[PDB]
Amino acid sequence: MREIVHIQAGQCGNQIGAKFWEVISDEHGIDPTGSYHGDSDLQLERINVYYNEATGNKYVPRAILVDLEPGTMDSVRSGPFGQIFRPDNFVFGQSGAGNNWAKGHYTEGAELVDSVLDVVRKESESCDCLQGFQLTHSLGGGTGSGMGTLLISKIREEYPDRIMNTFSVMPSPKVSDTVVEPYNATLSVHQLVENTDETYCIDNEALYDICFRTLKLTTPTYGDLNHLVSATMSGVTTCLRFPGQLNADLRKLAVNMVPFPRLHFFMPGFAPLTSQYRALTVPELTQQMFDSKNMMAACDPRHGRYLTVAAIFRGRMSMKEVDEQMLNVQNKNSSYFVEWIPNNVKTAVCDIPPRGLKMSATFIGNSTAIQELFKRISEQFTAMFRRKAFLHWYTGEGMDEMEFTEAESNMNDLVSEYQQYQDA
Amino acid sequence: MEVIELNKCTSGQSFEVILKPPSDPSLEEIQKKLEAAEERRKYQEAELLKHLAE
Amino acid sequence: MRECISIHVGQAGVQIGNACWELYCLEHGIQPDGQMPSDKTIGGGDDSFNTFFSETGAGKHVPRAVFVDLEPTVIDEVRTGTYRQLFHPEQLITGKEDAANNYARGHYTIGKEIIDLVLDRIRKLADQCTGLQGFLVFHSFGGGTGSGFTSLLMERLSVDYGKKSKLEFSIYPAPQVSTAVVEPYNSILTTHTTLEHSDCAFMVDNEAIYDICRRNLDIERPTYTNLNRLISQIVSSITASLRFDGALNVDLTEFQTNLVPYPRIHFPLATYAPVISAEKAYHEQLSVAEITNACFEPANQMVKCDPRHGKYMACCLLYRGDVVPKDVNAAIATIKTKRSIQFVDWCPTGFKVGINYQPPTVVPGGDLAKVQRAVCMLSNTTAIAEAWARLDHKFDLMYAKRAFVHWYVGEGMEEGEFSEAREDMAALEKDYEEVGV
Amino acid sequence: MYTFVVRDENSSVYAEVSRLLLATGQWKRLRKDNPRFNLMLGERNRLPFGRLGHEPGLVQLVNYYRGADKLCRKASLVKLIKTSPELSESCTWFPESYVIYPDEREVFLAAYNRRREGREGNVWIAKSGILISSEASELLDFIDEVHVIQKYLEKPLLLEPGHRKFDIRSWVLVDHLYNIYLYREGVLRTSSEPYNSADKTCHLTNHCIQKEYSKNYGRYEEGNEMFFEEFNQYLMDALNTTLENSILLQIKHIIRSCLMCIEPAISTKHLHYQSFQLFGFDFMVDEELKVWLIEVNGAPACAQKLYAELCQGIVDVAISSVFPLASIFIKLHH
Ligand SMILES: Nc1nc2c(ncn2[C@@H]2O[C@H](COP(=O)(O)OP(=O)(O)OP(=O)(O)O)[C@@H](O)[C@H]2O)c(=O)[nH]1
Ligand SMILES: Nc1ncnc2c1ncn2[C@@H]1O[C@H](COP(=O)(O)OP(=O)(O)CP(=O)(O)O)[C@@H](O)[C@H]1O
Ligand SMILES: Nc1nc2c(ncn2[C@@H]2O[C@H](COP(=O)(O)OP(=O)(O)O)[C@@H](O)[C@H]2O)c(=O)[nH]1
Ligand SMILES: [Ca+2]
Ligand SMILES: [Ca+2]
Ligand SMILES: [Ca+2]
Ligand SMILES: [Ca+2]
Ligand SMILES: [Mg+2]
Ligand SMILES: [Mg+2]
Ligand SMILES: [Mg+2]
Ligand SMILES: [Mg+2]
């Protein structure tokens, strides 16, 4: 039993985390009350990766819900699958974090972090073989960004030999709540550079463009954005939740995907994205899966080179034809894969498709083109920081300008590090 | 050619055909390697916990 | 009679060992519950099959085997499989978390915590031997356990059993079925550490088995079950001389005498024919000449390479089925005048032939058809160094950028072991070219 | 869209082949160290044949035959013709040669002394720096200062006007099926100096030696290169015969004989990768219209006028035959 402990922090972290548990509970045949009602033993074979088995053969998600205000977590408990979560795993404060990284990381979140770790410890103690942790959160707010990274740091201290994995939603002025999001994101990225093994960069810019340009949604809501995240999160965890050889656990995934410790920020992709009854062939899955319009990070893969790639095909299809199409894309565009990491593209197939689709494909890329994301955040950061604009929200919580300068330098170094392997 | 060393039995036979003539570290040292690597792991983890303590 | 102990390490070693011991039972008439009606000496004996099987008072024939894996899921299959009654729980050793395709994790971090347990379980089987002659070690090159833990086990076996021979069956990494990018690293690391400790290693390239299954068996996308049934046929023909009456390769020392004149050059090329699909209703049974000629086709080798552009140091022909010595010599004479077979000048140009009259056994419901006669050629040719050249080139590409190296350094391994291992392979390639050019 | 790599920049032949493939719009050139190629235009020295044919989902082809150096080296060709029973030492179209290390010295002297005592032509030639001398001691002393010493053809067919020596270069292409294609166009690299059987300029017909030491370079034909149309017309006007009957039958026989000998050693019929190769055969014609084989070149250059036609023929029967898109050769059957 290789268990994973899931944590969702803040508004965005809990809203996408709730939909993630709804999507995978449906795939594993778990109802909103925890009872199993599936028809395939493949659903239960790896069920303990994300679910604890309770009394009466009930399946309880190994999830911990964290926030500094009760609003979003009250909505989750009122949601469809709200009753499935363990009540003690709801850990919340009352003051909120005011979209302020300092409040989440240093003041308001510091008061609440120890009680969160008490629940993490309770969940970890019963694990027969703990793989590590999975955090969902945004980087533009205060709780998920500031307290989420504080949690990552304190968990690494208590569990230094466990994998740290995050789903990190990147801010965008297209889907912006406050102007200080580049501040919060820049401070958080340096934490992720040091203290996570795998981070899926989910860009609200890309989610918006997909909803607008592709899905033809003229006025996208957060629900529209979170539907793309749900399907993506389901795909990237397929190899963890079903029997298989490739990337079956968090560490083996990291060994296949992370050639250098700081370069562990992945571009996720997904196919199909349909605005629906038409049959999608294996060649169509492969072409769309690698297409930039299907990337969730708002980076042009043709502007960089792929260090490593993980591909997951779901449904009843010809694995022979999957091998052919996967080899076709590599041999067709071998200039976009680094030549100094041979056979850096790995393919997995799962017989169980997601809900509503006969066939799907999920893309996990470690591309140097992700520097475009960090450059974008860096430019938005600097435009305000050169005038020290809005800094008083942060210095009022004890922070100094030097910590911002160091955060600026830390992310510029990350950009330089990606650029060195793009031309090597 | 030449067929030499013909040995036969109930379950088979074997022979040789010639076509042309011709023209460790100790356990102590192993334990030192295993413990030296464990020492480097402890040093690397102690530096991490030191970094996290700061 | 001298016993042989088989050791299966990692997923690949366990699953291949499970396929081999199934085949051994069918060949020797041993039922899944361990009973063997053809064995008249109840609860003991020094027959040829007793080199691989011990006997209990109740007549059960127990494999002299140990299964080791750092994750329990694969060996749990043996604990509940068809032949679960053959083994007792002491022969099946499992851990909690595997080596994560990381040689250093299998050798240093996790292997250190289980190496003393494995040796204790091997000592239990060795104490039941009146004259142990050595070990057969099954493992992959690419896995973290198969590479990292094996090299640690082979170091300790040389310490505890200095006079005993050790033979390997090794799975060379192939991207068509590989599951890790760093498998070239683990392969070089485990070959460097095991080289001085292995007397004879039979390398099997998953690429070659995969294509034989696709081309000769008409399997579209071969699985490990397809590959392992074919591998077990080759392993069975290699070890049949230890398990049956005969005069060729009768003990493990004879494998080195007949195939390995130079110690570091201890990687013989295996070629097997015929591989026939059981889906064909009628098939023309191949003659002695046709299957012997097939031993010089690269399409039938366990490692794709060109023996015409290397030199031979030894050649053994192992026949099973309807084969008489007269037809073997007629086939060899025809082949010598058509094929490019160059021996090294300090070795005789000849073949050691072994014939076992019992034709090959096929697993009921398998992919291989029954044949009247089959042959496995074991040839020590310098052309197998093409496999080292391919592996070392992939090593050089990744290591020039130190890609993934931090995973190994983080487990306590030093970066210098990478280059030291690569220099040993560089010396290995140089040895082959001196002999074969 | 096929892919190919280029690993020999000093190849004027495949520089044009690479240019032709890109001009078709269906071939993309990769970096020289990119393993995901269909076609390798490989280097001359230490081509990594062992790394070919191990790319799943890629049919790989290389422009060299592994093992063909046995035919394209001086000492290798001499040893191959003597030791191979298919050719035998009684081979009639190859000059009596011997391999000498600075070994067949005792055999070369047994034939040299037999000629001086025999009162017959005893002029030889050593090569690997070339020395032509009727004194064996001057030849053996020159090597010590691996070589082969073969009988110098003292009676060569001389072209008139000029009374001059020549040699015939034939280009032969062997594809992955081991079809032997003889390019219909050859060249006569002619000496522009009158043959004096009593200077290494009228004796050596190399294009660089005639362009650096011969005073009459280009006097009779352009670049001291006579093509087959002119040479056939000369044979009809001067000797009442054709190029096909008097010479080309022997040339086709020698080409077929040499390549059939090494076929079992170098064929890629059942191999995980495929090979083709362009060879350059060099012949000599004596005064009695007998053809002698001098050397086989493994990486030959072409004549300027024939680069366009020959390189297009390489793409047709050797490259596009394996990788089809969307006769100038004579097939020597066997
Ligand atoms: N022929 C064959 N090859 C296998 C089999 N299982 C795994 N492999 C190959 O072995 C290599 C990976 O090694 P594994 O044996 O799976 O790994 P391991 O020894 O269990 O070590 P860990 O990393 O700790 O899991 C890959 O190249 C696989 O293709 C098998 O059953 N048959
Ligand atoms: N046995 C022989 N008898 C008479 N003339 C000979 C001869 N061997 C060589 N020659 C003359 O000397 C020249 C040099 O021969 P050789 O084949 O060694 O040239 P080469 O290898 O240096 C250049 P290439 O690779 O284009 O042939 C030949 O072109 C020929 O004219
Ligand atoms: N994709 C997505 N992004 C969100 C959602 N809610 C908030 N965000 C983004 O997250 C940032 C605000 O962070 P938020 O989670 O609300 O702050 P927190 O509660 O203090 O952690 C902004 O960049 C928003 O665009 C959501 O439901 N989906
Ligand atoms: Ca307070
Ligand atoms: Ca507390
Ligand atoms: Ca008995
Ligand atoms: Ca030893
Ligand atoms: Mg908010
Ligand atoms: Mg394993
Ligand atoms: Mg020994
Ligand atoms: Mg030359």
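Every residue number used here counts from 1 along the chain in the order it is shown.
From the backbone N, Cα and C atoms, a Cβ is placed for every residue, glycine too.
The Cβ neighbour count for C:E254 (active site), using a 10 Å radius and every protein chain shown, is 17. The active site annotation in Swiss-Prot covers C:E254 and rests on similarity to another entry.
With a 10 A radius on its CB, C:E71 (GTP binding site) counts 22 other CB atoms from all the protein chains. Taken from Swiss-Prot, the feature GTP binding site covers C:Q11, C:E71, C:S140, C:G144, C:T145, C:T179, C:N206, C:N228.
DSSP assigns C:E71 (GTP binding site) to coil in the three-state reduction, outside any helix or strand. The Mg(2+) binding site feature in Swiss-Prot is assigned to C:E71.
Under the heading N6-acetyllysine, Swiss-Prot lists C:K40. Taken residue by residue with DSSP, C:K40 (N6-acetyllysine) is part of neither helix nor strand, so it is coil. Around C:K40 (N6-acetyllysine), no same-chain residue six or more apart in sequence has its CB under 8 Å from its CB.
Sequence annotations record features per position, and here Swiss-Prot assigns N6,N6,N6-trimethyllysine to C:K40.
Of all Cβ atoms in the protein chains displayed, 5 besides its own lie within 10 Å of the Cβ of C:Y282 (3'-nitrotyrosine). C:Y282 (3'-nitrotyrosine) carries neither a helix nor a strand DSSP state and counts as coil. Sequence annotations record features per position, and here Swiss-Prot assigns 3'-nitrotyrosine to C:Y282.
Per Swiss-Prot, omega-N-methylarginine is recorded for C:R339. Other Cβ atoms within 10 Å of the Cβ of C:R339 (omega-N-methylarginine) number 15 in total over all chains.
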How far apart, in angstrom, are the most distant Cα atoms among the GTP-binding residues C:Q11, C:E71, C:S140, C:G144, C:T145, C:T179, C:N206, C:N228?
22
Which number gives the other C-beta atoms within 10 angstroms of the C-beta of C:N206 (GTP binding site), all protein chains shown included?
24
Which has the fewest other CB atoms in a 10 Å radius around its CB: C:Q11, C:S140, C:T145, the listed binding-site residues?
C:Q11
Cβ under 6 Å from ligand 1: qualifying recorded positions of C:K40, C:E254, C:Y282, C:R339:
none
Using a Cβ-Cβ cut-off below 8 Å, which of the recorded positions C:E71, C:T145, C:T179, C:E254, C:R339 are near chain A?
C:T179
Quick test of understanding: given the recorded positions C:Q11, C:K40, C:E71, C:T145, C:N228, C:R339, name the ones whose C-beta is under 8 angstroms from chain D.
C:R339
What is the separation, in Å, between the Cα atoms of C:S140 (GTP binding site) and C:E254 (active site)?
25
Are any of the recorded positions C:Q11, C:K40, C:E71, C:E254, C:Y282 near ligand 9, with a Cβ under 6 Å from it, and if so which?
C:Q11, C:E71
If you draw a 10 Å sphere around the Cβ of C:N228 (GTP binding site), how many other Cβ atoms fall inside it, taking every protein chain shown into account?
21
Local Cβ density at C:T179 (GTP binding site) - other Cβ atoms counted within 10 Å:
20
For C:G144 (GTP binding site), just count the other CB atoms lying within 10 A of its CB, please.
33
What is the interatomic distance between the Cα atoms of C:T179 (GTP binding site) and C:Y282 (3'-nitrotyrosine), given in whole Å?
38
Could you tell me which three-state DSSP class C:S140 (GTP binding site) falls into?
strand
